[PDB]
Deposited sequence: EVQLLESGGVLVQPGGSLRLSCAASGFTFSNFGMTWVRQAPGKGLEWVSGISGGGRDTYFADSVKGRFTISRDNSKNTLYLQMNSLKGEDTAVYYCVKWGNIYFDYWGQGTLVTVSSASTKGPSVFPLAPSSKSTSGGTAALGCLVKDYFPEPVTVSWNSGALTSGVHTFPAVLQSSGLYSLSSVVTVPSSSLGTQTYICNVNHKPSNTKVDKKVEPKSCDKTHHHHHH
């Protein structure tokens, strides 16, 4: 019955400003305190801010005091997070969570906020050529921001596929590899294509990977 739907996560320049919203349903919204919790990629959970049912009490983590503001509109069952003077370490998934009690009983699926001065850019896709079992792959390098999806042969190759979580490079651009193991017997007759999609730059690449 309970639904929390976050929206608003985008790429924003450091020092800028951004408002997240969360639409709630399945419970009497105004009867319940509300909370925001965030998770930076690969890290744990950090409580951000909370607000009472009537809106008169607010609470903040020290890392966001003087910068973030929490509010709500009971007339449209909506919770807000006003994020001002953003810093790079504010990059995280932001979860909307119900807080009427000594626990957090329901969490939305989150929205990803990216704070960075790097500019949006589609990836460069390079081949990882095979040189009983053979390994091959695609290097998906220098894209920004997250996310990218990868498949092989439009989904016909899934067994033995490993698409790694992206790393943030020292340049501030992301990179990942997707690799797969295939029988060496097949290499001279089978075609291996990696399909890469990067919605933030409207980029689509189909890179065919060949013995070298």
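Residues 132-137, 219-229 of the deposited sequence have no C-alpha coordinates in the structure.
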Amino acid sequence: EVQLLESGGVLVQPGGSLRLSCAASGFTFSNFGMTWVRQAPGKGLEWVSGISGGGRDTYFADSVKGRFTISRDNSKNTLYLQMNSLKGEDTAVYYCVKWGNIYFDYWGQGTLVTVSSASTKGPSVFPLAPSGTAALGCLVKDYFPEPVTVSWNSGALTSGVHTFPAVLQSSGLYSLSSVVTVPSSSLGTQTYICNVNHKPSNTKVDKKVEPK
From here on, numbers count along this sequence of modelled residues.
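Look at the mean CA B-factor for 40-48 and for 179-187 in the entry; the higher one is 179-187. Averaged over their C-alpha atoms, the temperature factors of 26-34 and 167-175 are higher for 26-34. Set against one another, the Cα B-factors of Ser124, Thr114, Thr111, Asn74 in the record reach their highest point at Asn74. Among all modelled residues in this chain, the alpha-carbon of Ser131 has a temperature factor (C-alpha) in the highest third. Sort the modelled residues of the chain by CA B factor and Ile102 lands in the lowest third. The PDB entry assigns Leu81 a C-alpha temperature factor belonging to the middle third of its chain's modelled residues. When the CA B factors of the chain's modelled residues are split into thirds, the value for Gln13 lands in the middle one.
When the modelled residues of the chain are ordered by their C-alpha B factor, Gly66 lands in the highest third.
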